[PDB]
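Visitor: Mind having a look at this structure? Questions to follow.
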Amino acid sequence: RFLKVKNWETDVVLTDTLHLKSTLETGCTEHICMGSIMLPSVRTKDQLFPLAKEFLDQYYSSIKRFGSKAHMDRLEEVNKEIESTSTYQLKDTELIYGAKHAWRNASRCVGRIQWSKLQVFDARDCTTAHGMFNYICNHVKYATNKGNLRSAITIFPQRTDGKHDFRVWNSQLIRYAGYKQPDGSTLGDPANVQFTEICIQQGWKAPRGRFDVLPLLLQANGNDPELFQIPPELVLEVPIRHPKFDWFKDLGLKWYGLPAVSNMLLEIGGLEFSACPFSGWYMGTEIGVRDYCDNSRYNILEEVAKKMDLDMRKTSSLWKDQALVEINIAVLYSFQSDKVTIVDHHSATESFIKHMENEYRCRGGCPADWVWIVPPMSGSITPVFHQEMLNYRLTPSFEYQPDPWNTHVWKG
Amino acid sequence: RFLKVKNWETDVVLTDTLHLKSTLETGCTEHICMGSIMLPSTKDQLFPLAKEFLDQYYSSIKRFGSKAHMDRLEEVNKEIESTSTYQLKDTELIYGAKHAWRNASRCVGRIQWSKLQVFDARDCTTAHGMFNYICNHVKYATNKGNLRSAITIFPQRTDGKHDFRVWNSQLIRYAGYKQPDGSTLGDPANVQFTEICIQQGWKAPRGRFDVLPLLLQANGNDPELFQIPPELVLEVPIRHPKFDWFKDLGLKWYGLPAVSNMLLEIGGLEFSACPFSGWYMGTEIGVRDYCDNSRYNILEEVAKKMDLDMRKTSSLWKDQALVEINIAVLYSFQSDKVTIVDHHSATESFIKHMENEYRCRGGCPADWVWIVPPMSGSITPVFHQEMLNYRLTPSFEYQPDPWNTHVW
Ligand code: HEM
Ligand code: HEM
Ligand SMILES: Cc1cc(N)nc(CCCCCc2cc(C)cc(N)n2)c1
Ligand SMILES: Cc1cc(N)nc(CCCCCc2cc(C)cc(N)n2)c1
Ligand SMILES: Cc1cc(N)nc(CCCCCc2cc(C)cc(N)n2)c1
Ligand SMILES: Cc1cc(N)nc(CCCCCc2cc(C)cc(N)n2)c1
Ligand SMILES: C[C@H](O)[C@H](O)[C@H]1CNc2nc(N)[nH]c(=O)c2N1
Ligand SMILES: C[C@H](O)[C@H](O)[C@H]1CNc2nc(N)[nH]c(=O)c2N1
Ligand SMILES: [Cl-]
Ligand SMILES: [Cl-]
Ligand SMILES: [Cl-]
Ligand SMILES: [Cl-]
Ligand SMILES: [Zn+2]
Ligand SMILES: [Zn+2]
Ligand SMILES: [Zn+2]
C-alpha cells in the first residue's frame, strides 16, 4: 500500500509507506471519522514478547545490527526475562532510542523537527516521592538553562502490576493554581481548579493569587502521593509587556517559560512508563491564544480590546481578532526581550513542513494530526493548513492515561 | 454505534445516534485517519437506494407505512423495472435538495438548510435553456444584495453519455492568465479553465478581475459558451474603514458564491448539474481568496502599506495584515448592503444549529477540518467542539472535471 498526500498551496505530492507499521486504533471506521475527538472512544506475557520483539527489531535495524549475534542474544535475553519475571528491563541505549521515538511518532506535535535532540534522564532507580522531587527539580533546572531552553524527559520506573505505579499527579510540572470563588468567578487558572482543590486538601497552603505556581504531587510505587514545592528560584517566569502599548504591562500578566507535560504514559516495547515528564519550549500561541484567550482559561480578550478601544458593539469589526494578534505580539516580544526560548507559529509550522518532507523521504512517512498541528490563530497563512496529513499510531508512543485521583486506591 | 461528543470550552456532552444511518465511506480505517485528505482517496442497486430515500421522505411527513407510502414504493419499483430509472415528484426533489445541504458535513452555514429555494430545471434540454435557468437563478439569489439561498437542478444522469454539466467550478469566478513574465494575472486558481474558454473561442479581456463566461453542457453534447449579463453580476469594491490607501489596491470581489461542479445524489438518482448558492462568510474572501499564496496573494503588499516590520515573522506582520484585509472585506460588503457573515457570527449559529440537530435528529455530521474558520480558529466556538464526520444521503459529492471525461 502506497498512500499519497497533497499540499494544496504547492501541489507537492508525497507517498506514505510508513503507515504499514501502524498499530492499535485511530478510533475511526469506514463509516465514522473521529479525527476531531480528543480522547480514545497489568499486561500478560503472550502479548508482551511480540511487542518487545517488534521494538527490539526496530532498535537493532536503526543501529544497523539487525540479525546480528547481539540482536539475537538480546531477544533471547528478553524472552527468558519475560518467562522468569513476567516483564523485562530496557538497556539505557534502548530507553533513550525509545523516548526519542515516542516524540518522533507523536502525531499532535508540531515541534518534532527537534526530536533527535532530547536529553533523557533515566530515573528508573527512583524509589520514593522524595526521590522523584529531586529528579524533577534537576530536570527543571537543566531544561530551563537560564532561558536557553533544552528539551528533556525524565523516566521513572515502569508499571509492574498496576498497583505500584509511579505518577506525577500534576498535568504539567509548572502550572498556576485556580480557585473557584463563592460568587462563581475564578481567581487564577480555571483549568486547574480541581487539581488545586486536591493540593489544598493534601495540605498545601494556597497563597490565593492569580499566578500561584502549584506544588508537585508525587506518587511513588503506588503509595499515596506527597506534596513538594518546586524551589521558586528554579521557576523562570516572564512578565508580559507589549512593544507599543505601555498599558499592556499593567494587565499584570506573566507566564512560566517551561512547558512540561507530566500526565502522559510512555509505551516502549510493551513496557509502560506511567511517570515520564517531558518538556520543550513554547510556541507563542499556546500562551497568547489558548492560555490567555480561551473562554475557560484566563479569558483576557475583552479587557484587552477595551484598553485598545476597539468597536465591541459587533463581532464584524473583528475586535476579537485584533486583540488576539496584539496579545500574541506581546508574548513573543516579552519572551524574546528576556532571552527565553520561544518560537512563533509561522516559524514552527515552516520548520514542521521541512521536517515532514524529510521524514517522508528518509522514513516513508510522518503521522500528523491536522486538527492539532494547525495553529489556533491565522491557520491558513501557515504552511501546514494546506498540507494533507495521515494520522496513525506508531510505537514507541505517548498515550493518555486516566487522572490518578480517579483510580488511586488510597492507603490512608 | 452510540457516540458522545464533548465541547471542551463548555463541558456540554451530546450523544449521536444519527450515525447509525451513515453510508458509503469516510476514507478512514481503524489503522489510518484520512480526516485531512480533501478528496475520496444499474437496476439492481437503484431500487434499494430509492427505497431508503422514500422511506426517509415518508417518515419526514409523518406518513411512514401508509398506503400512499406503499403505493409510491410500488410505483417506483415498477418504473425502475420498466425504464431502468425513475422520476422524483416535485415534493421529493425539494426535500432531497434541502437534505443534501442539511447533510453537507463541510458546511458551516447549515442553520439555513430549510430555507432553500429549489428551481426545478428538469425540463431543460439545451445549453441555451441552461443559460436562461442560470441567469434567473443568479438574479433571484442576488436580489439586489439581499441574498437568498438557491439551487437549480438540471436533468438527472441517464446512461452517463448524456450528462448535463456546468463546466465552471462556480457560476461566478475571475479569469487567470499565465504571463510572458512568468507571473499570473487575475486568479491563479482558474488558469486551466480560462485556457479552455479561450480554446472554445472566448475573447479574453486579459484583466485582473474578468468574470469568466459559462461553459454549459446539455444532454452530453459539446459545451457551449455564454456570458452572464454583466448587470446580473453584483460586485463589491474593497475599501477599509480606516486605511484610505486600501481602495488604491484596486481590489473587488463578487457577492454571490455559487458552487456549480458538484453532483447531487437523491434516492440513487444523480444530478450532475445542480448549481447552488448562498452568501459569503468573510474569511472565504479575505483569508482564502486574497491571502492564499496560490490565489491573489496580497498579504505582502498590504503589510508594506501598513508599514509593519516585515523582517521577522515574530512581529506577527502577517497576522496583522490578515486581520485588516478581513475587516475591509466585511466593511465593504456591509457598506454596499450585500449580505455577508463574519466567522464569529457564522460559527456561533452553527453551534446553535448543531445542538438543535442533536436534539431533534440525533446528530449532525460535521467535518472539523472544514468547519473551523481559516483565521482565529480557537476564539470561535466550533474550535472546541468535538464533531463526528460521516456520510448521509441525499448528498453533494465531488465528480471529475468534465474536460477529462468528455469526448468531443
Ligand atoms: C521543542 C519544542 C516543542 C514545541 C514548540 C512543541 C509544540 C507542541 C504544540 C504546540 C503542541 C500542541 C499543544 C496544544 O495544542 O495545546 C504539542 C503537542 C505535543 N507534543 Fe510537542 N513541542 C515541543 C517539544 C516536545 C517534546 C520534547 C515532546 C516529548 C518528548 C513533545 C511531545 C508532544 C506530545 C506527546 C503532544 C500531544 C499532547 C497531547 O495529546 O495532549 N513535544 N507540541
Ligand atoms: C447561505 C449561507 C452559507 C454559508 C455562510 C456557507 C458556508 C460555507 C463555507 C465557509 C464552506 C467551506 C468553504 C471553503 O472552505 O472554501 C462551505 C462548504 C460547503 N457548503 Fe455551504 N454555506 C452556505 C450555503 C450553502 C448552500 C445553500 C449549500 C447547498 C445547497 C451549501 C453546501 C455546501 C457544500 C456541499 C460545501 C462543501 C463543498 C466542498 O466540499 O467543496 N452551503 N459552506
Ligand atoms: C495540561 C496538559 C496535559 C496534556 N497531556 N496535554 C495538554 C494539551 C497539550 C499540551 C502540550 C504542551 C507543550 C508541551 C511541550 C513538551 C512543548 C510545548 N511547546 N507545548 C495539556
Ligand atoms: C493515532 C494515535 C496515536 C497514538 N499514539 N495513540 C492513539 C490512541 C490509542 C489508544 C489506545 C492505546 C493505549 C491506551 C492506554 C491507556 C495505554 C496504552 N499503552 N495504550 C492514537
Ligand atoms: C470552486 C469550488 C468548487 C467546489 N466544489 N468547492 C470549493 C471549495 C468550497 C467552496 C464553497 C464556497 C461556498 C459555497 C456556498 C454555497 C456558500 C458559501 N459561503 N461558500 C470551491
Ligand atoms: C463524509 C463524506 C460525505 C459525503 N457527502 N461524501 C463522502 C465521499 C464518499 C464517496 C461518495 C461516492 C460517490 C461518488 C460519485 C462520483 C457519485 C456518488 N453519487 N457517490 C464522504
Ligand atoms: C489539507 C487541508 O485539509 C486542506 O487545505 C483544507 C483544510 N481546511 C479547509 N477548510 C476550509 N473551510 N476550506 C478549505 O479549502 C480547506 N482546505
Ligand atoms: C474538539 C477539538 O478537536 C479540540 O478542542 C481540539 C481541537 N484542536 C486542538 N489543537 C491543539 N493544538 N490543541 C487543542 O487543545 C485542541 N483542541
Ligand atoms: Cl486553544
Ligand atoms: Cl485548548
Ligand atoms: Cl484557505
Ligand atoms: Cl483553500
Ligand atoms: Zn483552547
Ligand atoms: Zn478519520
Ligand atoms: Zn486556502
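Visitor: Report, by residue number, each residue of region A:254-280 that is closer than 19 Å to residue A:232 by Cα and over 9 Å from the mean Cα position of the chain (by Cα).
Guide: A:254, A:255, A:256, A:257, A:258
Visitor: For region B:265-289, give me each residue that is away from chain A (no Cβ under 13 Å) and among the hydrophobic types (A, V, I, L, M, F, W, C).
Guide: B:266, B:269, B:271, B:273, B:274, B:276, B:279
Visitor: May I pose another question? Within region A:60-78, restricting attention to residues that are outside any loop (DSSP other than H, G, I, E, B) and out of contact with any helix residue (DSSP H, G or I) (no Cβ under 7 Å at 6 or more places or on another chain), which residue is farthest from residue A:98 (Cα to Cα)?
Guide: A:69
Visitor: Here's another thing I want to ask about it. Could you please tell me which pairs satisfy a Cβ distance under 9 Å, a separation of 6+ or placement on different chains, a first residue in region B:250-272 that is among the acidic types (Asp, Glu), and a second residue that is part of a strand (DSSP E or B) and more than 16 Å from ligand 11 (Cβ to nearest atom)?
Guide: B:265/B:271; B:265/B:395; B:265/B:396; B:265/B:397; B:270/B:263; B:270/B:264; B:270/B:397
Visitor: So, one more: Of the conditions (1) in the same structural domain as residue A:27 (by CATH); (2) out of contact with any strand residue (DSSP E or B) (no Cβ under 6 Å at 6 or more places or on another chain), residue A:302 satisfies every one except a single condition; which number is it?
Guide: (1)
Visitor: Out of A:311, A:291, A:321, report the one residue that is more than 16 Å from ligand 7 (Cβ to nearest atom) and not in a helix (DSSP H, G or I).
Guide: A:311
Visitor: Could I ask something else about it? Please count how many residues of region B:122-147 are farther than 18 Å from residue B:230 by Cβ, in contact with a strand residue (DSSP E or B) (Cβ under 6 Å, 6 or more places away or on another chain) and not hydrophobic (A, V, I, L, M, F, W, C).
Guide: The total comes to 1.
Visitor: Still on this structure, please answer the following. Give the residues of region B:353-382 that are touching an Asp or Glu at 6+ places or on another chain (Cβ under 8 Å) and either of a type in the set (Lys, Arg) or surrounded by fewer than 22 Cβ atoms within 10 Å (Cβ to Cβ) (or both), sorted by residue number.
Guide: B:358, B:362, B:378, B:381, listed by residue number.
Visitor: Can I ask one more? What single numbered condition from (1) within 21 Å of the chain's Cα centre (by Cα); (2) away from chain A (no Cβ under 11 Å); (3) within 16 Å of ligand 12 (Cβ to nearest atom) fails to hold for residue B:298?
Guide: Against the list (1) within 21 Å of the chain's Cα centre (by Cα); (2) away from chain A (no Cβ under 11 Å); (3) within 16 Å of ligand 12 (Cβ to nearest atom), residue B:298 comes up short only on (1).
Visitor: Given the structure, is residue B:292 acidic (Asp, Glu) and within 13 Å of chain A (Cβ to nearest Cβ)?
Guide: yes
Visitor: Among the residues of region B:317-333, is there at least one that is among the small types (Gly, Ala, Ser), out of contact with any helix residue (DSSP H, G or I) (no Cβ under 7 Å at 6 or more places or on another chain), within 11 Å of another protein chain (Cβ to nearest Cβ) and away from ligand 15 (no atom under 16 Å from the Cβ)?
Guide: no
Visitor: So, of the residues in region B:210-252 that are under 21 Å from the mean Cα position of the chain (by Cα) and assigned to a loop (DSSP other than H, G, I, E, B), which turns out to be farthest from residue A:311 (Cα to Cα)?
Guide: Once the filter is applied, the top-ranked residue is B:213.
Visitor: Oh, and also: Could you check how many residues of region A:205-214 are surrounded by fewer than 22 Cβ atoms within 10 Å (Cβ to Cβ) and touching a helix residue (DSSP H, G or I) at 6+ places or on another chain (Cβ under 8 Å)?
Guide: 2
Visitor: Here are the criteria: (1) under 23 Å from residue B:344 (Cβ atoms); (2) more than 14 Å from chain A (Cβ to nearest Cβ); (3) away from ligand 7 (no atom under 16 Å from the Cβ). Tell me which single one residue B:234 does not satisfy.
Guide: Result: residue B:234 fails condition (1) only.
Visitor: Identify, from the list A:159, A:108, A:112, A:104, the residue that is within 16 Å of ligand 4 (Cβ to nearest atom) and surrounded by fewer than 16 Cβ atoms within 10 Å (Cβ to Cβ).
Guide: A:108
Visitor: Of everything in region B:383-408, what is away from ligand 1 (no atom under 16 Å from the Cβ) and within 21 Å of residue A:35 (Cβ to Cβ)? Give them in sequence order.
Guide: B:387, B:388, B:389, B:390, B:391, B:392, B:395, B:396, B:397, B:398, listed by residue number.
Visitor: (1) acidic (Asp, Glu); (2) in contact with a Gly (Cβ under 9 Å, 6 or more places away or on another chain); (3) facing chain A (nearest Cβ under 8 Å): which one isn't true of residue B:357, the others all being true?
Guide: (3)
Visitor: Quickly run through region B:363-408 and pick out the residues that are of a type in the set (S, T, N, Q), more than 7 Å from chain A (Cβ to nearest Cβ) and either farther than 23 Å from residue B:274 by Cα or not in a loop (DSSP other than H, G, I, E, B) (or both).
Guide: Across region B:363-408, the qualifying residues are B:380, B:385, B:395, B:404.
Visitor: Report, ordered by the first and then the second residue, all pairs with beta carbons closer than 6 Å, sequence separation of six or more or different chains, a first member in region B:291-309 that is closer than 11 Å to residue B:321 by Cβ, and a second member that is in a loop (DSSP other than H, G, I, E, B) and more than 16 Å from ligand 2 (Cβ to nearest atom).
Guide: That search, which allows pairs on different chains as well, returns B:303/B:310; B:305/B:245.
Visitor: Go through region A:380-399 residue by residue and tally those that are touching a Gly at 6+ places or on another chain (Cβ under 9 Å) and within 16 Å of ligand 5 (Cβ to nearest atom).
Guide: The number of residues fulfilling the criteria is 1.
Visitor: If a residue must be within 16 Å of ligand 15 (Cβ to nearest atom), buried (at least 19 other Cβ atoms within 10 Å of the Cβ) and closer than 25 Å to residue B:131 by Cβ, how many such residues does region B:242-295 contain?
Guide: The qualifying residues number 3.
Visitor: Just to be sure I understand, how many residues within region B:7-59 are of a type in the set (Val, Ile, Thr), in contact with a helix residue (DSSP H, G or I) (Cβ under 7 Å, 6 or more places away or on another chain) and closer than 29 Å to residue B:90 by Cα?
Guide: Residues in region B:7-59 being of a type in the set (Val, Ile, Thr), in contact with a helix residue (DSSP H, G or I) (Cβ under 7 Å, 6 or more places away or on another chain) and closer than 29 Å to residue B:90 by Cα: 0 in total.
Visitor: To continue, here is another question. Residue check: is residue B:367 more than 17 Å from residue A:374 (Cβ to Cβ) and either more than 16 Å from ligand 3 (Cβ to nearest atom) or out of contact with any helix residue (DSSP H, G or I) (no Cβ under 9 Å at 6 or more places or on another chain) (or both)?
Guide: no
Visitor: Those residues that are at the interface with another protein chain (Cβ under 7 Å from one of its Cβ atoms) and part of a helix (DSSP H, G or I), I need them from region B:1-29; list them, please.
Guide: Hit for region B:1-29 is B:19, nothing else.
All of this is worked out from the model, or read from it or from the source named; nothing here is a laboratory result. So basically every Cβ, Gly included, is an ideal-geometry build from the backbone, and we count neighbours across all protein chains shown.
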